[PDB]
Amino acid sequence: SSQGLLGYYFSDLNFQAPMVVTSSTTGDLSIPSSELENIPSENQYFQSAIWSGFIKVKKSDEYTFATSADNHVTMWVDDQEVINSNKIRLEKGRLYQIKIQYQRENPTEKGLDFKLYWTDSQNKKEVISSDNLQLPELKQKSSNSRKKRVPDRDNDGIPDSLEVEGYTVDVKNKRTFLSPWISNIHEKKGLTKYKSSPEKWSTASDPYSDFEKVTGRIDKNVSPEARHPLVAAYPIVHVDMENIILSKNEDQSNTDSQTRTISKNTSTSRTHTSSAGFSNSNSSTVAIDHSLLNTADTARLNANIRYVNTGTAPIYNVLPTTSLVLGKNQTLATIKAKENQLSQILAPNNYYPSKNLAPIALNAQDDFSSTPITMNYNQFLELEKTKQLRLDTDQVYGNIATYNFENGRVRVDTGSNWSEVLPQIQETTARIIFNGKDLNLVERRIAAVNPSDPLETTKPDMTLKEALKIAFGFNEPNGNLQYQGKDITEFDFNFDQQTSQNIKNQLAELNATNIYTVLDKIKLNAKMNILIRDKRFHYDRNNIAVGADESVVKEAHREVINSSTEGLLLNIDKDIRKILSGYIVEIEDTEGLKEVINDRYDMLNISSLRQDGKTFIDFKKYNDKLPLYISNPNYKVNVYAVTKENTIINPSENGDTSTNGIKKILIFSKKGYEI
């Protein structure tokens, strides 16, 4: 189904303007006019065609060839003419390069009815079976047997003219047509316009060709958007820690004593470090939940983790090595996983192990040779004081599942490594980081011109508006670019120093003053670094959402579904719920004196997301599993939110553990008689 010959149909007489580039599984190289719907009938007359590929006999013999129009054809087997009706020998299990040309001046009908025949020695003629036909070797190199030799400079298969003018693909039966882009026909039909470098086998410089992507001849786990010739396909990996277990460690000086243990959940964001940076390292920051021995001791931690692949291509036989770090640069541990011994793939937008299996332990329960992770006394304090650890991760991703034109299958290829590709990718694409998803930093990379390197000239022009559409799924339902119903203007822009001077020089040249209104005209360059973030939120130096504007947070808590002396039951937006680290509840008597119910910095965890997706705030938790006692219907019940960034994680210098001084935000206030 994936094999057969490759065919170029031209509407002119000499293979100049190709109308269709497609493959046929058998010697039936016909295209019926009814599959030429997305070509005007002005073009459906083909004056010439070229086919190329290989034939493989399954039984040695003396074969004769012939076509449906021998008076219009010239056929070659191994650069040896055979048509212009004779005989030739073909040894078993050995491939033969075939090229067939066809020219008919002024066809009287649309499409092409053409068939390729061979006759064996027992004198049975036939349309050639599928199992005897194979595609050209459309790679950058040659395999031992398949030699590759209609301008196709990079040899991806898509002719040069089509890569430059534009082209689309239409999924016919199961077979794919590739045609020039015609404004009035495909604009109506909503088809995608494609452009790509006729000099780059792969225009984003990754492991899949511009032809492999747009025809489906590609690993099935590549993200839907990396199937675009201009959107790079690469893994991107960080480690997510989920919870942690600290312990008093076994001193060499009675091991039946009681247990001493701290077990808290954690949260891990993938980071970026700024004005965007040029770094391509993988890294994530872990925050340890802060709420409910002697100077010569040592403690040790265990934790559950999963790899996260937020890129656009799969990893198969290697997971990257990781450093668990404390403070600035004290590696406490290394985290490797055995090569070629993975229990599954790590797919894009996906975990390892998959969210349905259990996560990985750092010291597996069954594994004799896992290193105890250890801190000394002062390191432990550094950790209690920061409740933050870091996870740096290299880009060693291992081998690549590439496509094989000989058998038409996609297999892990031990000659392909990701380390041979990442550098070429990073050098020739603009990069966008966008957190519109879940306030999570997602990277993508789009082919862009480099106006100082001669090759990148032949690459397509890439506007900023287009990059957002094809790389992130922004669309414009009414001449208004948006991402899932949020207008583009709700996200801000940031750039590294160089990109920023570039874009500014561009606006000046367009005499434009506001970027949002000339996105379709801002161009991208290789090595550009663009950050893009939700305007509602405040971000730390790692570009992690750690707060919001008070008014944003108040409006968010305006929809109060219900309330009582046991709690409030609100409808808070998922994104907001993500940057609040707790709530304070107080009963304010009538003289303005305030009594705080859960008056402690480690007791603000009273929120919780009920099944239906609504939030509930538990007054009973730190009030003795009771409801609130309001001894006067005029007394007020106040409730505040604390954002992640205003949450304090230790007692103060002087030793205060109250919520006194915490920066709160009033989100609800009612009287006793209104509850």
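Just count from 1 along the sequence shown to find any residue number. In this text, rigid core is short for the largest set of C-alphas that superpose within 1.5 Å between two forms.
Superposition on the core shows that, in 6 other deposited structures of this protein, the C-alpha atoms drift more in one of 117 to 125 and 197 to 205; this is 117 to 125. In 6 other deposited structures of this protein, superposed by the rigid core, the C-alpha atoms of 452 to 460 lie farther from the shown form than the other of 452 to 460 and 547 to 555. Modelled in this chain, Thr517 is likewise resolved in all the other entries of the protein that span it on both sides, not missing from even a third of them. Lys58, though modelled here, lacks coordinates in at least a third of the other entries of this protein that were compared and that model residues flanking it. Coordinates are lacking for 1 to 3 deposited residues between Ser253 and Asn254. Gap check for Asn123 to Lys124: zero deposited residues are absent from the model. Mean C-alpha B-factor is higher over 170 to 178 than over the other stretch, the pair under comparison being 170 to 178 and 297 to 305. Judged by mean Cα B factor in the deposited record, 449 to 457 ranks above the other of 449 to 457 and 333 to 341.
In this structure the maximum Cα B-factor among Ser500, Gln97, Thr374, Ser284 is found at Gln97. If you compare the C-alpha temperature factors of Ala17, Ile662, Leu666, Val21 in the entry, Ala17 comes out highest. Annotation for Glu35: CA B-factor lies in the highest third of the chain's modelled residues. In the PDB entry, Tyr601 places in the middle third of its chain by CA B-factor. Ranked by C-alpha B-factor against the other modelled residues of its chain, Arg260 falls in the highest third. Annotation for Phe278: C-alpha temperature factor in the highest third relative to the rest of the modelled chain, per the entry. Among all modelled residues in its chain, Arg270 ranks in the lowest third by Cα B-factor.
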